[PDB]
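2 protein chains.
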Amino acid sequence: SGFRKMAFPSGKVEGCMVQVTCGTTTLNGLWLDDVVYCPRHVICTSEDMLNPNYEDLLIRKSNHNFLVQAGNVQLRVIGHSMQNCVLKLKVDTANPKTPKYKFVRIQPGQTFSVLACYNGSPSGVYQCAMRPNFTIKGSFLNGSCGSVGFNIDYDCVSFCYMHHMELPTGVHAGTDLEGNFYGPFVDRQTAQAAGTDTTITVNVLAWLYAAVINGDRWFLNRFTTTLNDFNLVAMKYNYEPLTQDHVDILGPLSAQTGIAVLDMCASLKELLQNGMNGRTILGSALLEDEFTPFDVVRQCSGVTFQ
Amino acid sequence: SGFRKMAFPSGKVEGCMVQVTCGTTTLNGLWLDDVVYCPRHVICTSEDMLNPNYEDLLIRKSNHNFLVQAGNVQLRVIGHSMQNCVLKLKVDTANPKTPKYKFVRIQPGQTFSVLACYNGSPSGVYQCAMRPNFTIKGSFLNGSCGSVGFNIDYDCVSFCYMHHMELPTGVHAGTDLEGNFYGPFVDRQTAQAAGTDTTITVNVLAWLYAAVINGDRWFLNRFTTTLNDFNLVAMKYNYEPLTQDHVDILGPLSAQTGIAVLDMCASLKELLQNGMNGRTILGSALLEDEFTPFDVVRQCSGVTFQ
Ligand SMILES: [Zn+2]
Ligand SMILES: [Zn+2]
Numbered sequence: 001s002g003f004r005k006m007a008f009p010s011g012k013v014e015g016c017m018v019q020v021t022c023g024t025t026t027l028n029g030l031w032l033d034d035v036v037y038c039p040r041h042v043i044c045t046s047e048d049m050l051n052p053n054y055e056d057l058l059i060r061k062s063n064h065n066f067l068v069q070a071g072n073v074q075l076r077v078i079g080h081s082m083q084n085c086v087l088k089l090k091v092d093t094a095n096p097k098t099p100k101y102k103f104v105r106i107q108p109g110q111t112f113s114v115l116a117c118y119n120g121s122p123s124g125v126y127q128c129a130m131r132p133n134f135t136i137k138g139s140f141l142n143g144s145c146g147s148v149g150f151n152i153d154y155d156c157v158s159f160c161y162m163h164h165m166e167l168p169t170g171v172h173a174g175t176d177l178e179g180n181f182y183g184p185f186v187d188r189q190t191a192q193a194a195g196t197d198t199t200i201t202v203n204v205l206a207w208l209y210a211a212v213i214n215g216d217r218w219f220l221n222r223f224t225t226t227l228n229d230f231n232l233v234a235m236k237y238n239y240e241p242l243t244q245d246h247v248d249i250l251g252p253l254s255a256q257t258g259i260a261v262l263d264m265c266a267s268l269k270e271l272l273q274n275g276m277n278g279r280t281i282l283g284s285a286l287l288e289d290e291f292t293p294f295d296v297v298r299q300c301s302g303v304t305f306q
Numbered sequence: 001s002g003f004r005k006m007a008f009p010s011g012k013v014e015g016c017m018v019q020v021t022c023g024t025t026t027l028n029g030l031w032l033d034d035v036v037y038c039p040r041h042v043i044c045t046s047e048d049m050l051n052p053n054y055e056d057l058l059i060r061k062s063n064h065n066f067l068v069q070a071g072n073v074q075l076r077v078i079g080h081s082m083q084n085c086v087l088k089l090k091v092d093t094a095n096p097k098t099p100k101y102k103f104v105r106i107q108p109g110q111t112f113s114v115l116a117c118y119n120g121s122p123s124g125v126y127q128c129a130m131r132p133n134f135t136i137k138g139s140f141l142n143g144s145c146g147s148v149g150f151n152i153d154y155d156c157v158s159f160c161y162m163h164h165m166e167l168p169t170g171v172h173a174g175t176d177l178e179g180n181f182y183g184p185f186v187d188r189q190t191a192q193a194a195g196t197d198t199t200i201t202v203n204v205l206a207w208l209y210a211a212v213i214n215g216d217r218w219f220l221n222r223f224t225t226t227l228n229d230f231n232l233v234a235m236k237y238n239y240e241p242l243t244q245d246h247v248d249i250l251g252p253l254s255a256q257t258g259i260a261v262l263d264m265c266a267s268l269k270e271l272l273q274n275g276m277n278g279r280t281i282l283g284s285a286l287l288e289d290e291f292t293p294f295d296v297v298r299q300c301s302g303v304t305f306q
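Quick mapping for you: the protein sequence lines, in order, are chains A and A'. A prime marks a further copy of an entry chain. In terms of the authors' numbering, the first sequence is residues 1 to 306. In terms of the authors' numbering, the second sequence is residues 1 to 306.
Listed below in C-alpha cells is the structure:
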C-alpha cells in the first residue's frame, strides 16, 4: 500500500541525451536513430532571442557549425533542417541505444515524466501534468532546454514534450517532438500570457479513489448529485467540467471500490464548498490533480516495463 | 526556476535488478559483480513468515533451489550465504552493467530514490526520506520486496536501502545492503511498533530557503529568536530539535539569500503557532521535510551525473 508521485524509470531515455552546441549556445538534444532533435533557438545569441528571424539566422549556419557530443564522443553533422520550432540534425552514426519509440502529442490533463538535463547529462526525474492552459509547472534552470518528457508503454517510449522556455511568470512551455508548441506560445523572449489555469477534475476524482483504496474515507459523505448540478459548482471554483467520457474512464475504479462516480462527485462538491478543515487526504492538505485514472490503476496494481 | 520533488535518474540501477525465485516465492534481487543480494525471506512460505527459523529453513535449500533470472536469462547459483537479513547468492556471471557502487547506511532525515520493481522489472521511481523512526512512507505492493533505494554522486551509485516488509500500519521497513534493519524491526509477520514520527526540522528550514529563492517570501517575519527558545517550541509540535551541526549545514543557503538561520527559525516558529491560514508555500499547504539542504542546492544549481 501507500501512494507516491511516481515517475517512469528513465534508463531508456538517458541513453538518448546529447549535448548540442552551435556557436556559443549549448543545450540538450535527443538522439534517435541517426538524427538529433533540439530546440531551434540553439542558433540564437542572448540578443537574438528578443526578436529572432529564425530562417535568416539558419542560413548563416553550415553543417560544421554544430557540435554534437554524446557523453564524450562527437557525432558528425551531415545534414540539418528546421521543422517548426525544432532542429533535425542528421548525423553519421545511428544511436546504438535507440529504444522502440513513438512521437505523441498529449492532451491537457495528461501526465508524463520529465528528465531534466544540463550539458547533455541527466540531473533528475519528476512527474508532472500538462495544465489546461498548456503550461507545465516544472523545475528548470538555464541550459535545461532540450530536456524531454516521456511516457512508457511496456517496452516503447512515447516522447511527448521538449522543453523550450520559461515564461516571465515562472511557468514553462515547450513543443511536441514535431516542433509544434503546446499552447499559443512562441520561442521568443517577450511577455506572453498563459490563460486561466484550471483544476483537472477527472484527475482529482481518480486521486480520491486512490485515497479510498488506501484507507482514507472520511471525505465520503452520504449525499449524491447530478452531472449538471456538479459542473455548476465546479465552474465556480475553476474546475474543469466533467463529461461522460470522464465518467467512462473512471469505471474500473468505481467497480473496484463499490463507489459510484456520481457519489464521488457529491463528496468532492462538499470538499469544494466546505474545505478540508485542517485534515489531509493521502498526506495532502490540497486536492491533487496530477494523477490520471490510468496512473492510479498502474500504481495500485503494479504495472512494469522492460 | 520552480521546485519539484525530484528523483535521481535510475538508469544505472535498472541494469542491476533481477528476479529471484526460491520454491514458490519470487521477489527482486540486486546483481552486482558476480553476487546477487535479496531479502532472506525469499526462502519462506506464507505460513513460515509468522515465526520463521531462518537458519533451519536455509539448511533445507541447495544452490540449485534458487532461480535467478536477469530479464530473460538465467544465472547459475554456485554459492549461497546469509548475512544478517539478506541472502548473498554467488553466481557464475559477473554483471556486465555493474556501475561504480558503494554500500552506505544512511541516517534518519536523509533522502534517497526508490526504484520500485516487480518480478525483477522496474515499475517507477520516487524520492523519499528515512523518517526519524526508521520507517519510510513508500508505495509498495506484493512482490516489491527486494526493491532498493539509492543516491548518486557523480558516477557512483550509493545503495542505502533494500525493501523487506510492510507493517500493519501501512508504513515500510527494510535494511541496508549488509542486511541490518533500519530501526528495531525484524523480518517476521507480527505486530511491531514504530516510534513517534517527528518532523525533520533541518529539512523544513532548507525547504523554506528554497521558497525564498523561488519567490515565496510572505512567511518572512521581522522577528528573531534563540536556539533554545526555538527548540522549546519545536518539541511541543513534535519537531526534531536543532543543533549547531544543522546550523552549519544551512550556511551556504543563508549566504545566498542573505537570511540568517536564526531569522528563518523565527519565521518557522510563527508558522507553527499560527498556521498557514489557507496560504501555500511552493504550492503546498503543509510544511515539507523531504528535502535536505543538499537536495535544495543540487536543484537550485543544476548538478548532473554520468
Ligand atoms: Zn533556451
Ligand atoms: Zn516480502
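Backbone N, C-alpha and C define an ideal beta-carbon position, used for all residues, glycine too.
Rounded C-alpha distance that separates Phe66 (chain A') from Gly29 (chain A'): Taking the Cα positions, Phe66 (chain A') is about 12 angstroms away from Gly29 (chain A').
Distance between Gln299 (chain A) and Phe3 (chain A) (C-alpha atoms, nearest Å): Spanning the two alpha carbons is a distance of roughly 8 angstroms.
Local conformation of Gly251 (chain A') per DSSP, three classes: helix
Element boundaries [alpha helix (DSSP H), containing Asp56 (chain A)]: 54 to 59
For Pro108 (chain A), the nearest candidate out of A:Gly183, A:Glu178, A:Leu286 (CA to CA): A:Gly183
Of the listed residues A':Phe230, A':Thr135, A':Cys145, A':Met162, nearest to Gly179 (chain A') (C-alpha basis): A':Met162
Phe185 (chain A) - DSSP class collapsed to helix/strand/coil: coil
Distance CB(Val202 (chain A))-CB(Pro252 (chain A)) smaller than 8 angstroms: Pairing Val202 (chain A) with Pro252 (chain A) gives a Cβ-Cβ distance that is not under 8 angstroms.
Nearest residue (CA-CA) to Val86 (chain A'), options A':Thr111, A':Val36, A':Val77, A':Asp56: A':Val36
Closer than 8 angstroms at the beta carbon, the chain A' residues around residue 307 (chain A): Outside the displayed range of chain A (1 to 306) lies residue 307 (chain A), so it cannot be described from this structure.
Interfacial residues, the stretch 65 to 84 of chain A' to chain A, with Cβ spacing under 8 angstroms: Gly71
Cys22 (chain A) beta carbon near ligand 1 (any heavy atom closer than 7 angstroms): Ligand 1 never approaches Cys22 (chain A) closely enough for any of its heavy atoms to be under 7 angstroms from the residue's Cβ.
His172 (chain A) CB to nearest heavy atom of ligand 2 below 7 angstroms: no
Beta-carbon contacts of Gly146 (chain A') that lie in its chain and below 6 angstroms, excluding the five residues immediately before and after: Sequence-distant partners of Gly146 (chain A') (beyond 5 residues in either direction) whose C-beta falls short of 6 angstroms from its own C-beta, in its chain, are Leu27, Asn28, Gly29, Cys38, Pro39.
Buried/exposed call for residue 327 (chain A), threshold 16 Cβ in 10 Å: Past the boundaries of the shown model lies residue 327 (chain A); chain A is included only from 1 to 306, so the question cannot be answered.
Rounded C-alpha distance that separates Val20 (chain A') from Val91 (chain A'): 12 angstroms
Contact with chain A' by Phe140 (chain A), beta-carbon distance below 8 angstroms: yes
Assigned secondary structure, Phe294 (chain A') (DSSP; H/G/I helix, E/B strand, else coil): helix
Proximity test, Cβ basis, 8 angstroms: residue 330 (chain A) and chain A': Nothing about residue 330 (chain A) can be read from this structure; chain A reaches only from 1 to 306.
Interface residues of the stretch 212 to 223 of chain A facing chain A' [CB-CB below 9 angstroms]: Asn214, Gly215
Cβ separation of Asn95 (chain A') and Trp31 (chain A'), assumed to be a contact under 8 angstroms, to the nearest whole Å: 5 angstroms
Contact set between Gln299 (chain A) and chain A', taken where Cβ atoms lie within less than 8 angstroms: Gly124, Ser139
Contacts of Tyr118 (chain A') in chain A (Cβ-Cβ under 7 angstroms): For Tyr118 (chain A'), the C-beta contacts it makes with chain A under 7 angstroms involve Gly302, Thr304, in order along the chain.
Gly138 (chain A') vs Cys128 (chain A') beta-carbon contact at 8 angstroms: yes
CA nearest to the CA of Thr25 (chain A'), picked from A':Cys16, A':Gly11, A':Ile43: A':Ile43
Any non-hydrogen atom of ligand 2 closer than 7 angstroms to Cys145 (chain A') Cβ: A distance criterion of 7 angstroms places the beta-carbon of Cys145 (chain A') in contact range of ligand 2, judged by its closest non-hydrogen atom.
Any non-hydrogen atom of ligand 1 within 7 angstroms of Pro99 (chain A) CB: no
Member of A:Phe134, A:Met17, A:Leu208, A:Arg60 whose CA lies at the smallest distance from the CA of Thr198 (chain A): In this structure, A:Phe134 is the residue among A:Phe134, A:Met17, A:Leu208, A:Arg60 with its C-alpha nearest to the C-alpha of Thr198 (chain A).
DSSP three-state assignment for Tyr154 (chain A'), whether helix, strand or coil: coil
Closest residue to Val13 (chain A') among A':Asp56, A':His41, A':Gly124, A':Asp48 (Cα-Cα distance): A':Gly124
Contact between the stretch 252 to 271 of chain A' and the stretch 158 to 173 of chain A' (3+ Cβ pairs under 8 angstroms): no
Proximity test, Cβ basis, 8 angstroms: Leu286 (chain A') and chain A: yes
Cα-Cα separation between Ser62 (chain A) and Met6 (chain A'), rounded to whole angstroms: 38 angstroms
Delimiting residues of the alpha helix (DSSP H) encompassing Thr201 (chain A): 201 to 214
Exposure of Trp207 (chain A), with buried meaning 16 or more beta-carbon neighbours within 10 Å: buried
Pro39 (chain A) beta carbon near ligand 1 (any heavy atom closer than 7 angstroms): yes
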